[PDB]
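Next up, target_10.cif (mmCIF, C-alpha atoms; chains and numbers go by the auth columns):
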```
data_final
#
loop_
_atom_site.group_PDB
_atom_site.id
_atom_site.type_symbol
_atom_site.label_atom_id
_atom_site.label_comp_id
_atom_site.label_asym_id
_atom_site.label_seq_id
_atom_site.Cartn_x
_atom_site.Cartn_y
_atom_site.Cartn_z
_atom_site.B_iso_or_equiv
_atom_site.auth_seq_id
_atom_site.auth_asym_id
ATOM 1 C CA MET A 1 141.238 255.066 179.384 0.00 1 A
ATOM 2 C CA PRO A 2 139.855 256.621 182.815 0.00 2 A
ATOM 3 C CA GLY A 3 141.462 253.886 185.135 0.00 3 A
ATOM 4 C CA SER A 4 139.704 250.524 184.218 0.00 4 A
ATOM 5 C CA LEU A 5 143.101 248.783 185.179 0.00 5 A
ATOM 6 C CA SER A 6 141.941 249.023 188.925 0.00 6 A
ATOM 7 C CA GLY A 7 138.753 246.950 188.016 0.00 7 A
ATOM 8 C CA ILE A 8 140.492 243.680 186.639 0.00 8 A
ATOM 9 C CA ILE A 9 143.060 243.177 189.642 0.00 9 A
ATOM 10 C CA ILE A 10 140.185 243.210 192.370 0.00 10 A
ATOM 11 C CA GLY A 11 138.340 240.405 190.306 0.00 11 A
ATOM 12 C CA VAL A 12 141.509 238.095 190.686 0.00 12 A
ATOM 13 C CA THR A 13 140.985 238.015 194.597 0.00 13 A
ATOM 14 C CA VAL A 14 137.319 236.715 194.184 0.00 14 A
ATOM 15 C CA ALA A 15 138.557 233.787 191.847 0.00 15 A
ATOM 16 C CA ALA A 16 140.863 232.242 194.596 0.00 16 A
ATOM 17 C CA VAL A 17 138.291 232.022 197.581 0.00 17 A
ATOM 18 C CA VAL A 18 135.411 230.299 195.468 0.00 18 A
ATOM 19 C CA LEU A 19 137.852 227.436 194.215 0.00 19 A
ATOM 20 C CA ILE A 20 138.652 226.456 197.975 0.00 20 A
ATOM 21 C CA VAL A 21 134.813 225.803 198.614 0.00 21 A
ATOM 22 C CA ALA A 22 134.632 223.351 195.527 0.00 22 A
ATOM 23 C CA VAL A 23 137.330 220.820 196.925 0.00 23 A
ATOM 24 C CA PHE A 24 135.814 221.148 200.547 0.00 24 A
ATOM 25 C CA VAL A 25 132.206 219.835 199.531 0.00 25 A
ATOM 26 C CA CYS A 26 133.834 216.860 197.520 0.00 26 A
ATOM 27 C CA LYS A 27 135.472 215.639 200.899 0.00 27 A
ATOM 28 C CA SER A 28 132.042 215.893 202.782 0.00 28 A
ATOM 29 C CA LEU A 29 130.591 213.787 199.805 0.00 29 A
ATOM 30 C CA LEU A 30 133.472 211.104 200.297 0.00 30 A
ATOM 31 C CA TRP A 31 133.180 211.282 204.231 0.00 31 A
ATOM 32 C CA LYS A 32 130.341 208.571 203.824 0.00 32 A
ATOM 33 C CA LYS A 33 133.132 205.795 203.980 0.00 33 A
ATOM 34 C CA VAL A 34 132.562 201.991 203.041 0.00 34 A
ATOM 35 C CA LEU A 35 130.561 199.636 205.518 0.00 35 A
ATOM 36 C CA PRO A 36 132.006 195.888 205.205 0.00 36 A
ATOM 37 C CA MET B 1 138.226 262.053 193.166 0.00 1 B
ATOM 38 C CA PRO B 2 140.369 258.693 192.835 0.00 2 B
ATOM 39 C CA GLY B 3 138.716 255.292 193.928 0.00 3 B
ATOM 40 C CA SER B 4 137.458 253.621 190.638 0.00 4 B
ATOM 41 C CA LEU B 5 134.032 252.435 192.146 0.00 5 B
ATOM 42 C CA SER B 6 132.892 251.542 188.492 0.00 6 B
ATOM 43 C CA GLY B 7 135.546 248.690 188.698 0.00 7 B
ATOM 44 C CA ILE B 8 133.378 246.306 190.996 0.00 8 B
ATOM 45 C CA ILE B 9 130.777 245.427 188.137 0.00 9 B
ATOM 46 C CA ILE B 10 133.261 242.993 186.198 0.00 10 B
ATOM 47 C CA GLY B 11 134.362 241.293 189.584 0.00 11 B
ATOM 48 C CA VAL B 12 130.777 239.959 190.583 0.00 12 B
ATOM 49 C CA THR B 13 130.482 238.120 187.095 0.00 13 B
ATOM 50 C CA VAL B 14 133.659 235.945 187.852 0.00 14 B
ATOM 51 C CA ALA B 15 131.977 234.213 190.971 0.00 15 B
ATOM 52 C CA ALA B 16 128.955 232.960 188.808 0.00 16 B
ATOM 53 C CA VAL B 17 130.902 231.149 185.895 0.00 17 B
ATOM 54 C CA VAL B 18 133.285 229.051 188.275 0.00 18 B
ATOM 55 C CA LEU B 19 130.181 227.634 190.280 0.00 19 B
ATOM 56 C CA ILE B 20 128.648 226.062 186.990 0.00 20 B
ATOM 57 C CA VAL B 21 132.006 224.056 186.405 0.00 21 B
ATOM 58 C CA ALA B 22 131.701 222.378 189.966 0.00 22 B
ATOM 59 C CA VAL B 23 128.265 220.793 188.844 0.00 23 B
ATOM 60 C CA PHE B 24 129.997 219.078 185.748 0.00 24 B
ATOM 61 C CA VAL B 25 132.831 217.676 188.086 0.00 25 B
ATOM 62 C CA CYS B 26 130.134 215.977 190.391 0.00 26 B
ATOM 63 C CA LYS B 27 128.860 214.056 187.221 0.00 27 B
ATOM 64 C CA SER B 28 132.481 213.149 185.964 0.00 28 B
ATOM 65 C CA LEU B 29 133.368 211.541 189.423 0.00 29 B
ATOM 66 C CA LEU B 30 129.845 209.668 189.397 0.00 30 B
ATOM 67 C CA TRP B 31 130.514 208.186 185.826 0.00 31 B
ATOM 68 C CA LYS B 32 132.673 204.946 186.449 0.00 32 B
ATOM 69 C CA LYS B 33 131.436 201.529 184.909 0.00 33 B
ATOM 70 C CA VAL B 34 127.740 200.192 185.376 0.00 34 B
ATOM 71 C CA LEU B 35 126.073 199.119 188.804 0.00 35 B
ATOM 72 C CA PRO B 36 123.705 195.943 188.064 0.00 36 B
ATOM 73 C CA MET C 1 166.848 249.777 192.031 0.00 1 C
ATOM 74 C CA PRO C 2 167.273 246.466 194.301 0.00 2 C
ATOM 75 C CA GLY C 3 163.378 245.996 194.341 0.00 3 C
ATOM 76 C CA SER C 4 159.929 247.517 193.342 0.00 4 C
ATOM 77 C CA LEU C 5 156.969 247.247 195.943 0.00 5 C
ATOM 78 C CA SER C 6 154.626 248.498 193.048 0.00 6 C
ATOM 79 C CA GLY C 7 155.052 245.107 191.129 0.00 7 C
ATOM 80 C CA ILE C 8 154.328 242.932 194.301 0.00 8 C
ATOM 81 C CA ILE C 9 150.589 244.089 195.104 0.00 9 C
ATOM 82 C CA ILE C 10 149.228 242.684 191.684 0.00 10 C
ATOM 83 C CA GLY C 11 151.804 239.763 191.968 0.00 11 C
ATOM 84 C CA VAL C 12 150.485 238.236 195.349 0.00 12 C
ATOM 85 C CA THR C 13 146.734 238.067 194.097 0.00 13 C
ATOM 86 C CA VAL C 14 147.523 236.051 190.786 0.00 14 C
ATOM 87 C CA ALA C 15 150.114 233.769 192.693 0.00 15 C
ATOM 88 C CA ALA C 16 147.242 232.012 194.731 0.00 16 C
ATOM 89 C CA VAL C 17 145.280 231.152 191.439 0.00 17 C
ATOM 90 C CA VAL C 18 148.390 229.605 189.586 0.00 18 C
ATOM 91 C CA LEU C 19 149.333 227.619 192.859 0.00 19 C
ATOM 92 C CA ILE C 20 145.923 225.621 192.641 0.00 20 C
ATOM 93 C CA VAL C 21 146.693 224.689 188.890 0.00 21 C
ATOM 94 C CA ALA C 22 150.257 223.371 189.925 0.00 22 C
ATOM 95 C CA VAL C 23 148.935 220.532 192.336 0.00 23 C
ATOM 96 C CA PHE C 24 145.962 219.692 189.898 0.00 24 C
ATOM 97 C CA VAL C 25 148.231 218.922 186.739 0.00 25 C
ATOM 98 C CA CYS C 26 150.649 216.740 188.956 0.00 26 C
ATOM 99 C CA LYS C 27 147.556 214.467 189.852 0.00 27 C
ATOM 100 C CA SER C 28 146.964 213.631 186.045 0.00 28 C
ATOM 101 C CA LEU C 29 150.408 211.738 185.941 0.00 29 C
ATOM 102 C CA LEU C 30 148.767 208.936 188.207 0.00 30 C
ATOM 103 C CA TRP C 31 146.469 207.887 185.187 0.00 31 C
ATOM 104 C CA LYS C 32 149.283 206.040 183.153 0.00 32 C
ATOM 105 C CA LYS C 33 149.175 202.563 185.065 0.00 33 C
ATOM 106 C CA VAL C 34 147.714 200.472 182.063 0.00 34 C
ATOM 107 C CA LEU C 35 149.507 199.670 178.620 0.00 35 C
ATOM 108 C CA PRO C 36 147.306 199.725 175.258 0.00 36 C
ATOM 109 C CA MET D 1 136.158 258.813 214.278 0.00 1 D
ATOM 110 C CA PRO D 2 139.184 256.927 212.441 0.00 2 D
ATOM 111 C CA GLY D 3 137.898 254.471 209.641 0.00 3 D
ATOM 112 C CA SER D 4 139.198 250.860 208.886 0.00 4 D
ATOM 113 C CA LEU D 5 138.149 250.357 205.122 0.00 5 D
ATOM 114 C CA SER D 6 141.974 250.185 204.291 0.00 6 D
ATOM 115 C CA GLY D 7 142.248 247.046 206.610 0.00 7 D
ATOM 116 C CA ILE D 8 139.638 244.652 204.870 0.00 8 D
ATOM 117 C CA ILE D 9 140.780 245.286 201.131 0.00 9 D
ATOM 118 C CA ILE D 10 144.566 244.428 201.893 0.00 10 D
ATOM 119 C CA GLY D 11 143.291 241.633 204.317 0.00 11 D
ATOM 120 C CA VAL D 12 141.415 239.448 201.622 0.00 12 D
ATOM 121 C CA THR D 13 144.612 239.262 199.303 0.00 13 D
ATOM 122 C CA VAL D 14 146.958 237.726 202.065 0.00 14 D
ATOM 123 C CA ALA D 15 144.100 235.505 203.616 0.00 15 D
ATOM 124 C CA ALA D 16 143.827 233.148 200.487 0.00 16 D
ATOM 125 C CA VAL D 17 147.697 232.481 200.551 0.00 17 D
ATOM 126 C CA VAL D 18 147.840 231.406 204.335 0.00 18 D
ATOM 127 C CA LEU D 19 144.607 229.172 203.916 0.00 19 D
ATOM 128 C CA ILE D 20 146.372 226.863 201.204 0.00 20 D
ATOM 129 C CA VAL D 21 149.429 226.298 203.666 0.00 21 D
ATOM 130 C CA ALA D 22 146.925 225.036 206.432 0.00 22 D
ATOM 131 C CA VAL D 23 145.933 222.022 204.092 0.00 23 D
ATOM 132 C CA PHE D 24 149.601 220.576 203.673 0.00 24 D
ATOM 133 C CA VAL D 25 150.294 220.320 207.565 0.00 25 D
ATOM 134 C CA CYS D 26 146.782 218.589 208.142 0.00 26 D
ATOM 135 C CA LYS D 27 148.006 215.694 205.759 0.00 27 D
ATOM 136 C CA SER D 28 151.036 215.050 208.202 0.00 28 D
ATOM 137 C CA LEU D 29 148.392 213.306 210.489 0.00 29 D
ATOM 138 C CA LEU D 30 147.074 211.242 207.383 0.00 30 D
ATOM 139 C CA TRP D 31 150.747 209.956 206.750 0.00 31 D
ATOM 140 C CA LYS D 32 149.506 206.491 208.168 0.00 32 D
ATOM 141 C CA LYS D 33 151.111 203.260 206.544 0.00 33 D
ATOM 142 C CA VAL D 34 149.049 200.581 204.519 0.00 34 D
ATOM 143 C CA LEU D 35 149.387 196.636 204.601 0.00 35 D
ATOM 144 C CA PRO D 36 148.092 194.931 201.170 0.00 36 D
ATOM 145 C CA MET E 1 138.215 254.884 164.924 0.00 1 E
ATOM 146 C CA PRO E 2 135.886 254.548 168.156 0.00 2 E
ATOM 147 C CA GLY E 3 136.221 250.648 167.906 0.00 3 E
ATOM 148 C CA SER E 4 133.867 248.062 169.662 0.00 4 E
ATOM 149 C CA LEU E 5 136.414 245.385 171.016 0.00 5 E
ATOM 150 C CA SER E 6 135.907 246.831 174.615 0.00 6 E
ATOM 151 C CA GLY E 7 132.222 245.599 174.208 0.00 7 E
ATOM 152 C CA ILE E 8 133.109 241.816 174.934 0.00 8 E
ATOM 153 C CA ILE E 9 133.928 242.386 178.790 0.00 9 E
ATOM 154 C CA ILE E 10 130.214 243.186 179.825 0.00 10 E
ATOM 155 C CA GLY E 11 129.008 240.476 177.285 0.00 11 E
ATOM 156 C CA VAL E 12 130.415 237.648 179.661 0.00 12 E
ATOM 157 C CA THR E 13 127.585 238.337 182.353 0.00 13 E
ATOM 158 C CA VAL E 14 124.772 237.562 179.700 0.00 14 E
ATOM 159 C CA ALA E 15 126.379 234.001 179.184 0.00 15 E
ATOM 160 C CA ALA E 16 125.697 233.059 182.931 0.00 16 E
ATOM 161 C CA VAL E 17 121.804 233.753 183.091 0.00 17 E
ATOM 162 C CA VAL E 18 120.926 231.824 179.739 0.00 18 E
ATOM 163 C CA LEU E 19 122.684 228.543 181.086 0.00 19 E
ATOM 164 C CA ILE E 20 120.291 228.404 184.260 0.00 20 E
ATOM 165 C CA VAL E 21 116.942 228.140 182.173 0.00 21 E
ATOM 166 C CA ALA E 22 118.677 225.669 179.647 0.00 22 E
ATOM 167 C CA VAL E 23 119.565 222.923 182.357 0.00 23 E
ATOM 168 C CA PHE E 24 116.086 223.376 184.144 0.00 24 E
ATOM 169 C CA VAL E 25 113.920 222.434 180.954 0.00 25 E
ATOM 170 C CA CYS E 26 116.344 219.439 180.174 0.00 26 E
ATOM 171 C CA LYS E 27 115.926 218.164 183.872 0.00 27 E
ATOM 172 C CA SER E 28 112.032 217.854 183.387 0.00 28 E
ATOM 173 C CA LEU E 29 112.650 215.093 180.655 0.00 29 E
ATOM 174 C CA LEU E 30 114.137 212.787 183.504 0.00 30 E
ATOM 175 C CA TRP E 31 110.868 213.395 185.619 0.00 31 E
ATOM 176 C CA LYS E 32 107.795 213.926 183.220 0.00 32 E
ATOM 177 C CA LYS E 33 105.112 214.447 186.068 0.00 33 E
ATOM 178 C CA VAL E 34 102.074 213.345 183.790 0.00 34 E
ATOM 179 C CA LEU E 35 99.723 210.221 184.472 0.00 35 E
ATOM 180 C CA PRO E 36 98.404 208.124 181.308 0.00 36 E
ATOM 181 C CA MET F 1 111.734 259.387 185.505 0.00 1 F
ATOM 182 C CA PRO F 2 112.061 261.084 181.853 0.00 2 F
ATOM 183 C CA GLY F 3 113.736 257.696 180.804 0.00 3 F
ATOM 184 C CA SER F 4 117.012 256.695 182.711 0.00 4 F
ATOM 185 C CA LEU F 5 117.588 253.524 180.454 0.00 5 F
ATOM 186 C CA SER F 6 121.241 253.374 181.857 0.00 6 F
ATOM 187 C CA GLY F 7 119.676 252.302 185.278 0.00 7 F
ATOM 188 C CA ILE F 8 118.131 248.765 184.263 0.00 8 F
ATOM 189 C CA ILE F 9 121.364 246.948 182.792 0.00 9 F
ATOM 190 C CA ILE F 10 123.013 246.446 186.377 0.00 10 F
ATOM 191 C CA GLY F 11 119.758 244.493 187.350 0.00 11 F
ATOM 192 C CA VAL F 12 120.570 241.409 184.987 0.00 12 F
ATOM 193 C CA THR F 13 124.256 241.244 186.287 0.00 13 F
ATOM 194 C CA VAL F 14 123.300 240.794 190.099 0.00 14 F
ATOM 195 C CA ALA F 15 120.303 238.416 189.158 0.00 15 F
ATOM 196 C CA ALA F 16 122.788 235.498 188.309 0.00 16 F
ATOM 197 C CA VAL F 17 124.684 235.224 191.767 0.00 17 F
ATOM 198 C CA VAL F 18 121.463 235.547 194.035 0.00 18 F
ATOM 199 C CA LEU F 19 119.443 232.892 191.935 0.00 19 F
ATOM 200 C CA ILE F 20 122.089 229.949 191.968 0.00 20 F
ATOM 201 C CA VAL F 21 122.630 230.092 195.888 0.00 21 F
ATOM 202 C CA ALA F 22 118.728 230.222 196.417 0.00 22 F
ATOM 203 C CA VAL F 23 117.979 226.717 194.748 0.00 23 F
ATOM 204 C CA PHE F 24 121.129 225.099 196.476 0.00 24 F
ATOM 205 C CA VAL F 25 119.956 225.903 200.182 0.00 25 F
ATOM 206 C CA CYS F 26 116.300 224.755 199.290 0.00 26 F
ATOM 207 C CA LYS F 27 117.755 221.270 198.155 0.00 27 F
ATOM 208 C CA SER F 28 119.329 220.655 201.703 0.00 28 F
ATOM 209 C CA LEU F 29 115.721 220.777 203.263 0.00 29 F
ATOM 210 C CA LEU F 30 114.995 217.307 201.518 0.00 30 F
ATOM 211 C CA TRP F 31 118.005 215.726 203.524 0.00 31 F
ATOM 212 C CA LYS F 32 116.307 214.764 206.954 0.00 32 F
ATOM 213 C CA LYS F 33 116.954 211.009 208.047 0.00 33 F
ATOM 214 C CA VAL F 34 117.727 211.298 211.919 0.00 34 F
ATOM 215 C CA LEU F 35 117.249 208.467 214.647 0.00 35 F
ATOM 216 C CA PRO F 36 115.926 209.484 218.302 0.00 36 F
#
```
Re-express the file's structure as structure tokens.
Amino acid sequence: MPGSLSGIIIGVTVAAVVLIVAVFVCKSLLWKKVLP
Amino acid sequence: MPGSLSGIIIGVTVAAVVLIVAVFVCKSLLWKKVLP
Amino acid sequence: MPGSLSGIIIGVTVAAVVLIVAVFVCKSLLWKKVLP
Amino acid sequence: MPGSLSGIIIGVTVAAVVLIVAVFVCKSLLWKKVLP
Amino acid sequence: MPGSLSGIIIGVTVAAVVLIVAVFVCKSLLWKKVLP
Amino acid sequence: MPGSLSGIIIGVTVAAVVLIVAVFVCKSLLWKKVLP
């Protein structure tokens, strides 16, 4: 067990920033609006 | 010599798997009745 | 004894991930608007 | 010369937390009423 | 007792590359670029 | 040069993240549709 515990906690930071991009593109897709 | 540079290799994998899920969500929100 | 700064560094990174799941499950409760 | 590698690693963990708070205040402007 | 349970962590990266070729061959069936 | 088989395995891990972003930017080039 060298110190692999340092490796899992840095991976948690990367998971949060990518999820914010997924909801942002869905709004640009709905920004088309409805033309009556 | 503390730093645990070997730790980064598991972190890069996490960004790839979450991006594939966003493609399935685009199809779920497009599936809603039939357009004649 | 009245705190532990060591516990907090790992604690703040996971908190952001669980916070996104909290608003997402609350949105599922808006489905039940039709009786079988 | 003095480095700054200590600044970016602590910086990414706090950044994700403050970004989610920015979304809730933006909806205060979308608090517009609706007439059926 | 050297085990082999630790082996699964690196195994997750191999799952990402095989999914890219799988969706690409299935997409060609919706656009068969051949004239009769 | 005598072998160094330990060197090739990192190559498959990075291949996944660079390949998915590459096809996504190339799709935006088919957008166009602008009035003078």
_With all atoms listed in the file as the counted atoms, please give the residues lying no more than 12 Å from segment 21-30 of chain C, apart from itself and same-chain residues fewer than 5 positions off, as a PyMOL selection string._
(chain A and resi 16+19+23) or (chain C and resi 14-16) or (chain D and resi 20+24)
*Between atom CA of residue 9 of chain F and atom CA of residue 12 of chain D, measure the distance and give it in Å to one decimal.*
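Pair atom CA of residue 9 of chain F / atom CA of residue 12 of chain D returns 28.5 Å.
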After superposing chain E onto chain F (least squares, all C-alpha atoms, pairing by order), export the transformed chain as a compact mmCIF listing (two decimals) with C-alpha atoms, in the coordinates of the input.
```txt
# COMPACT_ATOMS: atom_id res chain seq x y z
CA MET E 1 113.91 264.07 181.33
CA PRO E 2 117.03 262.12 182.88
CA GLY E 3 115.02 258.77 182.52
CA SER E 4 115.86 255.42 184.37
CA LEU E 5 115.39 252.74 181.53
CA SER E 6 119.28 252.44 181.27
CA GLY E 7 119.06 251.08 184.93
CA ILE E 8 117.86 247.48 183.82
CA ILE E 9 121.34 246.44 182.19
CA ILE E 10 123.30 246.29 185.61
CA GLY E 11 120.10 244.80 187.27
CA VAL E 12 120.67 241.41 185.32
CA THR E 13 123.86 240.55 187.51
CA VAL E 14 121.71 240.66 190.81
CA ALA E 15 119.39 237.88 189.28
CA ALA E 16 122.39 235.35 189.10
CA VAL E 17 123.56 235.45 192.88
CA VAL E 18 119.93 235.05 194.42
CA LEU E 19 119.33 231.74 192.34
CA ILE E 20 122.50 229.98 193.98
CA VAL E 21 121.18 230.24 197.69
CA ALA E 22 117.54 229.31 196.50
CA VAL E 23 118.54 225.79 194.97
CA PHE E 24 120.96 225.03 197.99
CA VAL E 25 118.15 225.29 200.78
CA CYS E 26 115.69 223.22 198.51
CA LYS E 27 118.44 220.45 198.08
CA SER E 28 118.61 219.93 201.98
CA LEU E 29 114.87 218.69 201.91
CA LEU E 30 116.08 215.58 199.79
CA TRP E 31 118.81 214.84 202.53
CA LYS E 32 117.51 215.98 206.06
CA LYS E 33 120.74 214.92 208.07
CA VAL E 34 118.82 214.55 211.51
CA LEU E 35 118.48 211.18 213.58
CA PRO E 36 115.02 210.50 215.51
```
Centre and edge lengths, as JSON, for the axis-aligned box enclosing every listed atom of segment 8-12 of chain F with 4 Å of padding on each of the six sides, in Å to one decimal?
```
{"center_x": 120.6, "center_y": 245.1, "center_z": 185.1, "size_x": 12.9, "size_y": 15.4, "size_z": 12.6}
```
*Translate the PyMOL selection byres ((chain A and resi 6) around 10), as applied to the file shown, into an explicit residue set as a PyMOL selection string.*
(chain A and resi 2-5+7-11) or (chain B and resi 3-8)
_Between atom CA of residue 34 of chain C and atom CA of residue 31 of chain A, what is the distance in Å, rounded to a tenth?_
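Answer for the atom CA of residue 34 of chain C to atom CA of residue 31 of chain A separation: 28.6 Å.
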_Two-atom distance - atom CA of residue 36 of chain A, atom CA of residue 36 of chain B (Å)_ = 19.0 Å
